[PDB]
Asks: 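Just passing along the structure, written as structure tokens.
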Number of protein chains: 8
Amino acid sequence: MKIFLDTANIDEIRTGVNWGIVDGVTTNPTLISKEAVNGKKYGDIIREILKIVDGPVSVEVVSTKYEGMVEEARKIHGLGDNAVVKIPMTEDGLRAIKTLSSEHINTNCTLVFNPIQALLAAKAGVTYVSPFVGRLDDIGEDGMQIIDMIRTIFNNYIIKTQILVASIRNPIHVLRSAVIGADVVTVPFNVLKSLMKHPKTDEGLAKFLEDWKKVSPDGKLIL
Amino acid sequence: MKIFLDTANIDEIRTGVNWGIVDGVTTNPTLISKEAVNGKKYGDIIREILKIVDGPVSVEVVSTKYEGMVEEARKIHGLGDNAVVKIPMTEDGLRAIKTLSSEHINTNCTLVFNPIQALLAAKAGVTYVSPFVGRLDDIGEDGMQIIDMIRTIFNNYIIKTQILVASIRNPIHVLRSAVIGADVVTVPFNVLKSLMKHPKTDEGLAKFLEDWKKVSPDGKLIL
Amino acid sequence: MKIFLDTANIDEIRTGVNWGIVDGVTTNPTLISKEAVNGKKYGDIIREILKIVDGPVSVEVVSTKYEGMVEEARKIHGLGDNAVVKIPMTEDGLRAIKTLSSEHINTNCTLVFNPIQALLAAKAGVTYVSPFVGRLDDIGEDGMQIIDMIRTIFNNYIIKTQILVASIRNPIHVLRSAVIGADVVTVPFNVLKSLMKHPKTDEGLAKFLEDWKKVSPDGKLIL
Amino acid sequence: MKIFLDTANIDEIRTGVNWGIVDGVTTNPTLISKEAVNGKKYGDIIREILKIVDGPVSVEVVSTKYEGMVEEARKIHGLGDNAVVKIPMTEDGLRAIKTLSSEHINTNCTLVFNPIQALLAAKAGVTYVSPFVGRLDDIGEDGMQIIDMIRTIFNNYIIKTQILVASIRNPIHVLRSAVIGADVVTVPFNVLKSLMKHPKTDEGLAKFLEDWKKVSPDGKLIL
Amino acid sequence: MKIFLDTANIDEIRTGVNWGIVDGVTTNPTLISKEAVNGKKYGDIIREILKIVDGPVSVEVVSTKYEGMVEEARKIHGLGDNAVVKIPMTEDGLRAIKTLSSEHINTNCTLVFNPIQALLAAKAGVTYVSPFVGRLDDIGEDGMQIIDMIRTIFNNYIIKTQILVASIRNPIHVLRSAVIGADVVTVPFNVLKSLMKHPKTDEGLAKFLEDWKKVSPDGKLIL
Amino acid sequence: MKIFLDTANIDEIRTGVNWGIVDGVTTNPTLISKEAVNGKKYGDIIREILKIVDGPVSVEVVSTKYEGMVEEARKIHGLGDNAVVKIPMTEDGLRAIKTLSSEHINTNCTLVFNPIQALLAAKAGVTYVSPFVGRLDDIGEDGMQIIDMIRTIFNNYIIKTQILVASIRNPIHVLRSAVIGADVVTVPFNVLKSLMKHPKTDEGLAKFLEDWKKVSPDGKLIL
Amino acid sequence: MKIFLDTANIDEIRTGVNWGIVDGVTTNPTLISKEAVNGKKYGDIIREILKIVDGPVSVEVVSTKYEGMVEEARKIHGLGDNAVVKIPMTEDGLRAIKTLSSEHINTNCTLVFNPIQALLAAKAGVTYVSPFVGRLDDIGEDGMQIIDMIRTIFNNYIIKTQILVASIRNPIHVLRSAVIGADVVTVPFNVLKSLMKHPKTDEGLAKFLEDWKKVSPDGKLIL
Amino acid sequence: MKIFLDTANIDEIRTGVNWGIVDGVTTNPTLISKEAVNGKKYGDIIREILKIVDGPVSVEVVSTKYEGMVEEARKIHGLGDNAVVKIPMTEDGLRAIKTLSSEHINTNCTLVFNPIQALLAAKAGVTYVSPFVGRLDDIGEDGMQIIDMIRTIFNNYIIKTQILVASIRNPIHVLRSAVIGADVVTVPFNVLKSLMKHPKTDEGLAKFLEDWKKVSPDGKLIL
Ligand SMILES: *[C@@H](CO)[C@@H](O)[C@H](O)[C@H](O)[C@H](O)COP(=O)(O)O
Ligand SMILES: *[C@@H](CO)[C@@H](O)[C@H](O)[C@H](O)[C@H](O)COP(=O)(O)O
Ligand SMILES: *[C@@H](CO)[C@@H](O)[C@H](O)[C@H](O)[C@H](O)COP(=O)(O)O
Ligand SMILES: *[C@@H](CO)[C@@H](O)[C@H](O)[C@H](O)[C@H](O)COP(=O)(O)O
Ligand SMILES: *[C@@H](CO)[C@@H](O)[C@H](O)[C@H](O)[C@H](O)COP(=O)(O)O
Ligand SMILES: *[C@@H](CO)[C@@H](O)[C@H](O)[C@H](O)[C@H](O)COP(=O)(O)O
Ligand SMILES: *[C@@H](CO)[C@@H](O)[C@H](O)[C@H](O)[C@H](O)COP(=O)(O)O
Ligand SMILES: *[C@@H](CO)[C@@H](O)[C@H](O)[C@H](O)[C@H](O)COP(=O)(O)O
């Protein structure tokens with residue numbers, strides 16, 4: 001399972017990349033507009049992320065119409081080979097995906113909330129589909145159930161579109177995505193940070209340290 | 001999973017095709033006779049649909065006897081290479097399918113209401129079999145259970161006949177079909193139009209628009 | 001399981017009532033506005049339904065504010081002992097339900113789309129809660145799963161609020177509701193009339209009639 | 001589980017009753033017409049069955065309209081206290097059941113093919129409901145599944161209507177009915193006979209006889 | 001669960017009774033005729049067993065006809081109040097059980113090999129029914145499945161006939177019977193003797209003995 | 001799944017073969033003796049069946065000893081390449097199968113009633129094994145369970161012997177065989193006929209005809 | 001599934017072999033010592049079995065120490081290419097297995113009572129592992145559950161050691177072994193002879209014989 | 001499944017290695033510090049284990065920082081080609097594993113307590129991952145459940161990292177690990193010695209010994 005960071009915060013991205021556990025990044029218009037403040041321009045932020053991240057970086061078109069989406073998608077693609085164009089699940093978006101796929105431009109279909117929307121995005125040729133699990137949780141439906149159905153559907157038809165689980169809110173969305181077999185999860189920085197941690201890891205390290213001091217006062221291993 | 005449009009309404013078909021989410025069309029004598037009124041000839045409607053739709057178009061014979069079925073099937077076939085001949089599940093129909101298969105004319109067995117009828121159609125060599133789910137729901141039996149059994153049976157015997165789920169009434173028929181792994185669903189236009197939609201997609205788009213205006217008052221993405 | 005008719009059409013109601021299979025009626029502002037045309041007044045329609053139907057008749061408030069909802073509710077109550085006041089799942093709506101419940105005015109919480117909304121309506125003291133199954137089906141979620149969870153939750157806490165399944169679209173919503181154990185379904189007229197029918201019933205009657213004529217020419221049963 | 005005999009053959013009835021394994025009888029117009037041959041009159045057949053059988057005896061009305069059904073039902077009821085009036089699952093039928101129930105006349109609703117038909121009959125106050133399992137098997141649906149759902153539904157609502165499984169064709173219909181918990185099965189004579197039998201019973205008897213001869217040449221137990 | 005000994009061997013019975021784990025005895029013509037050799041009379045064996053065993057003792061009739069069965073049953077009954085009359089699952093046997101039940105003579109229906117035979121025996125009023133599990137195992141059917149179905153059926157109808165599992169061949173028949181909830185098992189002596197035993201019991205006792213010698217060389221507990 | 005006809009009635013065979021739905025025929029000595037009446041000779045009946053039927057035709061030996069079975073088998077095989085020799089599950093039978101398999105003569109082991117009998121037949125090299133499901137139903141055991149276990153066993157060991165389900169009594173035996181994945185079912189003619197039929201097929205045909213009349217009074221499809 | 005005979009009785013072996021259903025033989029020191037009486041020598045018994053049986057013949061070492069076990073093993077090996085050396089699950093036994101496996105001497109690890117013992121024997125390279133099911137049943141644990149776990153473990157790791165189920169007591173140990181997919185069962189003679197038998201086989205043959213005599217007086221099948 | 005010894009005690013290791021059932025060894029700072037007392041040096045202990053164990057020997061770094069971990073790892077590697085470097089699940093540990101993997105130095109990530117930690121370790125390229133089951137049991141969660149999830153996740157993504165189950169406390173941890181399909185278990189010496197043993201193995205050997213003495217007074221097997 002690939003793990004992407006879901007943020008436009010450059011400090012977060014630099015930190016996660018330096019950890020070597022980040023395989024790519026997703027952004028969206030809300031995340032970008034959050035960071036583009038106090039003199040920061042959205043063009044600069046987008047370019048900076050593309051440069052810092054080796055892996056896929058998803059950037060969302062803002063046009064709602066086919067022609068505008070395709071024009072923006074081409075500009076996004078032009079910014080770097082790792083750029084992936086994020087396109088919403090709408091009639092115009094499916095049309096844009098089909099055109100862009102034929103032009104060999106990688107795509108990510110977003111704002112997906114049920115398995116049939118996901119199947120339609122796959123049929124348009126999309127590179128990644130992003131169902132939102134937290135926003136479903138918000139409205140009282142267990143969002144992970146949709147991921148499970150999408151995985152079964154895609155398995156049934158040998159679909160090559162990757163499942164990129166989005167709107168992740170906690171480490172159990174991550175755990176359940178891996179057990180289901182989603183291709184990618186994209187996670188906010190707080191969640192990413194949590195993933196490596198467990199109290200028994202800390203406790204075990206402390207005990208090893210203490211026991212080793214018994215035989216090596218300076219705590220060294222000399223071989 | 002292929003998605004066909006189940007109508008003879010030329011306006012619906014043009015619209016669906018332009019959406020890019022329609023892989024073929026199914027008709028039947030009721031659908032066609034509904035459209036062929038106030039001057040419109042059934043022969044013209046059939047030809048127009050064949051012209052408009054790139055993918056398979058199912059057209060049903062009206063003869064109840066073997067010889068008449070085959071004679072009608074050949075005429076249907078001659079109207080275009082994308083024509084598929086719809087034949088009912090009857091003794092004469094099974095005979096006609098067998099003959100037509102040997103002539104390399106694609107066939108679609110219809111009015112199937114249990115898994116054994118579907119198996120018989122596959123044994124006759126039919127290209128598609130169309131179990132009806134809504135008409136079973138109508139009489140108090142969950143039609144989707146028949147689809148589930150047909151998929152299992154076809155899997156068991158590595159049967160190449162495609163399952164083309166028909167009498168679809170709602171988007172859950174479509175969802176359950178995809179999870180089962182049916183090859184094709186054919187849907188009325190009202191159902192088709194609902195498949196792309198979800199209130200959280202609309203809501204997320206509105207929020208993205210609003211947030212983006214904060215960094216680009218005119219609402220565009222200049223890269 | 002009680003069976004209510006979901007309509008404001010007097011002809012449908014008179015017909016279903018005379019069939020003996022209708023235990024009550026649910027209306028809403030859309031259904032009533034459909035009928036209040038060609039000079040028919042909504043006030044007359046409502047009173048007429050109350051008169052024809054011996055069982056519960058739900059009638060929806062139109063105000064969105066607490067004070068207006070309880071004013072309208074008391075007026076609805078004043079129309080007949082069988083009136084039930086339909087109130088939407090909103091903050092004001094729950095406050096209204098709590099007040100009316102204490103006043104011993106029967107209530108029906110509507111526009112419920114998940115089990116926790118249903119629980120909140122029950123906690124406010126509502127007489128009936130109406131989850132909408134068809135409108136969930138519309139958006140690609142199997143609405144019956146919400147009925148199943150609500151039944152489990154209500155069982156857990158011995159909740160006395162009745163589950164009144166609404167937005168019913170077909171006879172399998174009705175079947176599944178009965179197997180789950182919902183207290184009430186409310187169904188459109190087209191669904192109601194289908195519930196008694198089965199082709200093997202018709203076939204079986206025809207055969208019995210024919211056999212009997214073999215021993216009683218006139219077809220009589222003289223005892 | 002009560003076991004009824006499904007026949008109008010007087011000889012079978014006498015034999016079954018004398019085996020002591022028969023709790024009642026069901027007839028229908030086909031079964032009776034079969035016996036009312038060569039001078040035998042249907043009215044005499046019906047009266048003799050009521051006489052020979054201590055348990056319930058189902059006799060079906062032939063009229064298809066409400067007034068005729070109620071008139072014939074009252075006549076059937078007048079023939080003896082053990083008479084039960086068989087009424088078909090129709091609009092008129094349900095009305096007749098309601099009326100007759102209020103007159104304390106026992107009823108059996110017949111020609112039921114799904115669980116919602118059975119529920120409607122129960123709601124009309126019917127004494128017994130008779131779903132047909134063999135005729136469902138005939139059309140490629142496992143009829144025992146309908147009995148299972150009806151049992152669950154009736155359990156949910158504490159329904160007092162008895163499930164009387166009909167159209168029984170083999171001993172596994174009987175076994176499955178008992179495991180589900182149906183109130184009554186009605187069986188043809190040939191099925192009835194087979195229920196007492198097993199090759200290991202016969203084999204064990206033969207062996208006990210042979211072994212006992214060794215200790216008692218005359219094969220008696222003298223105590 | 002009661003545990004009966006399935007033998008006519010008086011030595012086995014005395015031994016089992018002295019162990020305190022035998023609640024009753026079952027015999028049959030094969031078991032008795034096995035013991036009644038070289039002078040020993042079957043009448044004496046039966047009387048001795050009735051004297052030795054406090055609990056129920058099943059003794060089988062040898063007549064195959066109703067009148068002979070009942071005459072033998074009454075003689076068996078007169079030998080002692082703890083006698084239970086074993087009657088085979090046949091038409092004549094069901095008749096005899098019914099008569100004997102009305103006379104307050106306890107009965108045990110034997111040679112039962114499926115759940116419907118067991119139900120018929122319960123319907124005749126039998127005190128115990130004895131399905132055979134080993135003889136089913138002999139012919140390639142898992143006999144315990146029949147016990148499981150009988151328990152479910154008897155539970156469904158609140159049947160008071162006790163399930164007395166017979167033809168027991170090993171301790172897992174006994175374990176599975178207890179987990180299912182059979183009322184009684186009847187076991188051959190070899191199986192009986194194994195039930196108390198386990199290698200870890202012996203091993204734990206040996207260790208306890210050894211450890212105790214360390215604080216009390218003579219091996220006693222002085223308190 | 002292949003469908004064979006289980007009959008020696010020449011008229012049924014001709015009819016079934018001409019429906020095009022029959023892949024072979026099974027006979028046995030009872031079926032043949034039924035036809036060999038009024039001058040008709042068994043040898044002529046067998047030869048005619050081999051002639052009319054292109055697929056396998058099972059003909060049963062009557063000898064009970066190894067030498068007689070092998071002699072009769074060779075004669076049956078000599079009558080035509082499509083002849084398959086039916087051999088009973090006995091000690092001599094298994095030996096005959098082994099010999100005949102080494103002689104490249106196709107075999108069908110019959111009178112199988114449990115899964116281990118079926119495995120032994122497969123180990124002897126038999127071409128088809130025929131468990132009897134109806135005769136198990138007769139004695140109160142669901143015969144389809146044996147087919148399920150045999151399928152699992154044969155899958156485990158990659159056994160090439162084909163499962164040919166026999167003693168079929170109804171269309172649910174057929175449905176369950178297909179869902180399990182049995183290689184072949186052999187069915188009586190009356191069952192065969194019922195497999196193509198469904199009341200909703202007939203009803204849908206009638207409706208298509210009526211609707212088409214509106215657009216074509218003569219009910220033809222002129223293209 | 002292979003079927004071996006678990007005995008040292010030459011008469012039983014000759015008989016089972018001549019039946020054609022015995023694929024090999026297992027012995028042990030108890031079985032051999034039973035037979036080596038009245039002047040019969042164990043050395044002659046073993047060589048005689050090796051001669052009669054074409055398949056694997058397991059013969060158990062009596063030494064408890066590594067050196068003795070490999071010495072005896074090599075001598076057993078020297079008796080015939082079909083000899084298999086049975087070695088118990090002990091520390092010395094595993095060492096012996098590892099040595100012999102490298103010497104290409106076939107081995108059978110015996111006295112296995114749980115799945116981890118079976119895994120250790122496999123890891124030592126053993127040809128066959130023999131878990132004991134009956135001796136577990138003796139102590140109140142269902143021994144077949146251990147076979148199921150061993151099959152799962154061996155599947156997980158693609159282990160080539162064959163599972164050779166031993167301490168078989170009845171035909172359901174054999175049935176369950178086949179459904180689980182054990183490679184081999186070894187069975188006592190009394191169990192072997194029961195595997196071919198079923199009362200409905202005998203009953204069916206008798207009926208076929210009678211019917212045939214109706215058309216062939218002599219009972220011949222002349223073709 | 002590979003079985004390693006989890007200890008730094010040379011006597012235990014020498015013993016297990018002599019038994020032939022130990023495939024490798026794991027150590028940790030606590031285990032080593034335990035043995036390195038009363039003059040024993042940790043350097044000698046580590047080298048000694050490397051010398052006598054043919055298979056993988058895991059040795060843990062003590063540094064908590066990336067540079068120290070990588071340096072200590074290279075030193076461990078240099079001690080022998082069977083050394084595996086144990087590295088804790090921390091940020092600097094994952095970085096170290098990635099570097100060491102690129103240097104073709106085998107690694108074992110330790111102190112793993114949930115499946116997502118295990119996944120991150122795999123993503124870093126670790127050779128083995130070691131989730132701790134006993135320490136989870138300690139804090140009241142069944143640690144084997146984490147092993148099951150890790151197996152499923154690794155299967156989903158065809159991950160080549162081996163699951164090395166650690167903190168093993170009893171033989172049921174070993175059994176469950178094998179049933180799940182873990183690649184390796186590492187076990188304390190007390191657990192290891194218990195794996196070969198079972199009381200029925202001992203009892204069976206004693207009986208075989210006793211019986212053989214009947215045929216061979218000196219207890220030998222002469223062939
Ligand atoms: C792109 C893939 O769709 C990604 O940035 C998504 O847009 C975000 O994961 C969601 O919008 C986050 O929503 P949430 O409601 O904050 O969890
Ligand atoms: C052809 C079969 O592939 C297709 O047009 C079917 O005839 C229709 O789907 C059904 O007739 C539609 O029936 P419904 O009762 O309207 O749902
Ligand atoms: C009242 C709730 O008991 C009832 O009238 C509901 O308002 C209706 O059942 C729904 O509004 C019907 O919606 P649909 O989308 O037409 O199925
Ligand atoms: C009455 C219902 O209690 C009963 O006589 C039923 O009418 C019969 O069981 C069925 O008509 C029998 O039909 P089948 O198709 O012969 O099985
Ligand atoms: C009486 C029934 O309660 C009892 O003695 C039974 O007759 C026996 O348990 C069986 O006959 C024993 O048969 P098996 O074939 O020896 O196991
Ligand atoms: C042969 C097996 O392939 C086949 O003819 C069988 O003999 C028959 O199916 C059975 O004998 C039919 O028995 P039933 O009891 O009539 O169902
Ligand atoms: C060898 C293992 O393949 C085999 O002879 C076994 O030793 C026997 O199957 C058992 O010893 C038989 O024990 P039981 O307790 O008589 O069933
Ligand atoms: C190393 C593999 O990670 C191995 O030595 C582990 O460190 C041990 O298995 C555990 O530390 C043992 O802990 P426990 O709490 O004693 O069971």
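Numbered from 1 within each chain, the chains take letters A, B, ... in sequence-line order. What's counted below: heavy atoms across the whole structure, side chains too, no hydrogens, waters or symmetry copies.
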Asks: So, applying side chain to side chain contact (heavy atoms under 4.5 Å, CB included) with C:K200, which one of D:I139, D:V112, D:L111 is it?
Replies: D:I139
Asks: Taking C:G20, C:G181, C:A178, C:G204 one by one, which has the highest count of heavy-atom pairs under 4.5 Å against chain D?
Replies: C:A178
Asks: So, do D:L94 and C:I21 sit near enough that their side-chain heavy atoms are less than 4.5 Å apart?
Replies: yes
Asks: Contact part of C:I222 toward chain D, heavy-atom cut-off under 4.5 Å: side chain, backbone, both or neither?
Replies: both
Asks: Look up atom CD1 in C:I172 and atom CG in D:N114, then write down how far apart they are to the nearest 0.5 Å.
Replies: 8.0 Å
Asks: How are the rings of C:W212 and D:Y42 set to each other: parallel, tilted or perpendicular (split at 30° and 60°)?
Replies: tilted
Asks: Does any heavy atom of chain C fall under 4.5 Å from the side chain of D:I76, the backbone, both, or neither of them?
Replies: both
Asks: Chain C heavy atoms under 4.5 Å from D:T90: which part of the residue, side chain, backbone, both or neither?
Replies: both
Asks: Find out whether C:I3 and D:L120 are in side-chain contact, i.e. whether some heavy atom of one side chain is under 4.5 Å from a heavy atom of the other.
Replies: yes
Asks: Which heavy atom in C:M196 sits nearest to a heavy atom in D:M89, and how many Å separate them?
Replies: O-CG, 3.7 Å
Asks: Should the heavy atoms of other residues, nucleotides or ligands under 6.0 Å from NZ of C:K51 be counted, would the total exceed 12?
Replies: no
Asks: Do other residues, nucleotides or ligands put more than 12 heavy atoms under 6.0 Å from D:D54 CG?
Replies: no
Asks: Would you say that more than 12 heavy atoms from the other residues, nucleotides or ligands in this model lie under 6.0 Å from the CG of C:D218, or not?
Replies: yes
Asks: What closest approach, in Å, do D:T30 and C:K207 show between heavy atoms, and which atom pair accounts for it?
Replies: OG1-NZ, 4.2 Å
Asks: Heavy atoms only: give me the nearest C:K197-D:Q117 pair and the separation to one decimal.
Replies: C-NE2, 3.7 Å
Asks: For D:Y157 and C:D183, indicate whether the former's side chain and the latter's backbone hold a donor-acceptor pair under 3.5 Å.
Replies: no
Asks: Quick one: pull up CZ in D:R135 and OG1 in C:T201 and give me the separation to the nearest 0.5 Å.
Replies: 10.0 Å
Asks: Looking only at heavy atoms, what is the nearest atom pair of C:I180 and D:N156, with distance?
Replies: C-ND2, 3.8 Å
Asks: For D:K123 and C:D23: C-alpha separation, side-chain torsions, deciding distance, then whether salt bridge (charged side-chain N to carboxylate O under 4.0 Å, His left out) applies.
Replies: CA-CA 10 Å; D:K123 286 167 65 56; C:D23 300 317; 2.8 Å; yes
Asks: Identify the heavy atoms of C:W19 and D:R95 that sit nearest to each other, and give their distance.
Replies: O-CG, 3.8 Å
Asks: Which bit of C:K220 comes within less than 4.5 Å of chain D, counting heavy atoms only: side chain, backbone, both or neither?
Replies: backbone
Asks: About how many Å separate CD of D:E91 and NZ of C:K193, when rounded to the nearest 0.5 Å?
Replies: 14.5 Å
Asks: For a side chain to side chain contact (heavy atoms under 4.5 Å, CB included) with C:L223, tell me which candidate from D:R74, D:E71, D:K75 qualifies.
Replies: D:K75
Asks: Sort C:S177 into side chain, backbone, both or neither according to what part of it lies under 4.5 angstrom from a heavy atom of chain D.
Replies: backbone
Asks: CD1 of D:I32 to OG of C:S216: how many Å apart, nearest 0.5 Å?
Replies: 11.5 Å
Asks: If you measure from CD on C:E203 to CZ on D:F113, what distance do you get to the nearest 0.5 Å?
Replies: 7.5 Å
Asks: Under a 4.5 Å heavy-atom cutoff, which of D:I153, D:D138, D:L119 has the most pairs with chain C?
Replies: D:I153
Asks: After noting the C-alpha distance and the side-chain angles of D:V62 and C:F208, does the key distance pass the side-chain contact (heavy atoms from CB on, under 4.5 Å) rule?
Replies: CA-CA 8 Å; D:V62 293; C:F208 285 157; over 6 Å; no
